[PDB]
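To start, the structure itself, in structure tokens.
Nothing in this text is a laboratory measurement; each read-out follows from the coordinates by a stated rule. Cβ atoms come from the backbone with ideal geometry, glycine included; neighbour counts cover every protein chain shown.
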Amino acid sequence: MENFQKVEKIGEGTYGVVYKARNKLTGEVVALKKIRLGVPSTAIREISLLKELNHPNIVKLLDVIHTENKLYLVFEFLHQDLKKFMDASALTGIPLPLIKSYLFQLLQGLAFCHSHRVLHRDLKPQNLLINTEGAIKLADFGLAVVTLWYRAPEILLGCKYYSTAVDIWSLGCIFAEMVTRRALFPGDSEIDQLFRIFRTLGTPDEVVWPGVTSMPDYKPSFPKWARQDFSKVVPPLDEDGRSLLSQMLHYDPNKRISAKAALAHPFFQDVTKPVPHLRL
Ligand SMILES: CC(C)COC(=O)c1ccc2c(c1)/C(=N/Nc1ccc(S(N)(=O)=O)cc1)C(=O)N2
């Protein structure tokens, strides 16, 4: 790690602390992540797998530094996250063509991960990175106050062996947030998160989600709320966007649209790649 000059702290995550840093030998500007822990052998193999999971919409893992019984991940650096961009665009809103481009690119990144049986598990605006070229990239995955706003209901209900559908749920929540300029389900506890989902989409039952009542944390005593219309949930999003969002937010993970099928949805018929106005 003596090969890198730290410039500034850019974040703190579940797995560790991230710095903007400069390689003293190549002059390369990178994101250096110090992993929070000797390093287990299983961790080294799983991280070695991430190195090969390369795609234009996945933040590149340049190098894995396992020296002096410490672990550092050297990543590609991007200048802004979607959280800061959404905050900067709050007065006017992100233009719909740019929302659509970002959603389309992230679904391409997800379809790629998911085809290699790799789940993100914790998508959120803070780990979605953007550049001046109009690209958006997935970061902070592959090592498996905590934000619960994007957590799929099967995780909250105690599913131990959840699927790639949890990522589709998170991305649908982020899509809604880009459109409305407000978090869709801003829970501040696991039950508040669950009940916020239930108040908008209706308390799930065996009809809409077969097997829901036998889930580890399901309680028959859950209040029974009626579902709201999507026209009320994400105005002024057009019918194509609302249709896609409804499929990304299906309760049953088996009914929830896949990343590959979402890419063929009519909402992306007129997709383009606009360039954002970034203030760096
Ligand atoms: C810390 C938590 C999420 C875990 O993060 C990661 O594992 C991780 C991995 C590789 C990365 C980055 C983060 C990163 N971050 N860059 C950045 C740059 C500017 C702003 S900001 N807020 O708009 O000024 C925010 C983020 C980057 O470039 N490569």
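List of remarks:
- Cα Rg, Dmax (largest Cα-Cα span) when computed across the chain, Å: 19.5, 62
- Overall Cα dimensions of the range 175-217, principal axis frame, Å, largest first: 35, 22, 14
- Estimated FRET transfer efficiency (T180, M1; beta-carbon r; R0 45 Å; 0.05): 0.60
- The range 117-260 pair-distance distribution - Cα-Cα, 10 Å bins, rounded %: 11, 42, 37, 10, 1, 0
- Phi angles of the range 86-100 translate, via the Karplus equation with coefficients 6.51, -1.76, 1.60 and θ = phi - 60°, into HN-Hα couplings of 5, 5, 5, 9, 4, 6, 10, x, 5, x, 3, x, 6, 4, 5 Hz per residue; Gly and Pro are given as x.
- Three semi-axes of the equivalent ellipsoid, the range 104-187, Cα gyration tensor, whole Å, largest first: 20, 17, 11
- The ratio of the alpha-carbon radius of gyration of the range 1-79 to the globular-protein estimate 2.2 N^0.38 Å is 1.06.
- The GluC sites (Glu not before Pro) found in the range 180-280 that occupy coil by DSSP, while having at most 11 further C-beta atoms within 10 Å, are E206.
- Inverse of mean 1/r across different Cα pairs in the range 141-194, Kirkwood, Å: 11.9 Å
- Radius of gyration over Kirkwood radius for the range 1-147, both on Cα atoms: the Rg/Rh ratio is 0.97.
- Backbone geometry of the range 270-275 corresponds, through the Karplus equation with coefficients 6.51, -1.76 and 1.60 at θ = phi - 60°, to 3J(HN,Hα) couplings of 10, 5, 9, 10, x, 9 Hz, x marking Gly and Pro.
- Residues with amide H under 5 Å from that of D63, placed H, sequence gap 5 or more: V74
- Our compactness index for the range 63-159, the C-alpha radius of gyration over the empirical 2.2 N^0.38 Å, is 1.25.
- For the range 190-280, taking the reciprocal of the average inverse distance between every pair of different Cα atoms yields a Kirkwood hydrodynamic radius of 15.5 Å.
- Distance in nm between pseudo-label sites at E28 and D217 (7 Å out along the Cβ direction from Cα): 3.9 nm
- Computed E for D205/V271 - FRET, C-beta separation, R0 41 angstrom, nearest 0.05: 0.70
- Between the amide H of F4 and those of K24, distances stay under 5 Å, these residues lying 5 or more places away or on another chain, with hydrogens modeled in the peptide plane.
- Each residue of the range 183-197 is assigned a 3J(HN,Hα), and the resulting list reads 4, 5, 10, x, x, 10, 7, 5, 6, 5, 4, 4, 5, 5, 5 Hz, derived from the Karplus form 6.51 cos²θ - 1.76 cosθ + 1.60 (θ = phi - 60°), x at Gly and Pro.
- Estimated 222 nm signal from helices in the chain, with DSSP H stretches of n ≥ 4 weighted -39500 (n - 2.57), rounded to 500: -9000 deg cm²/dmol
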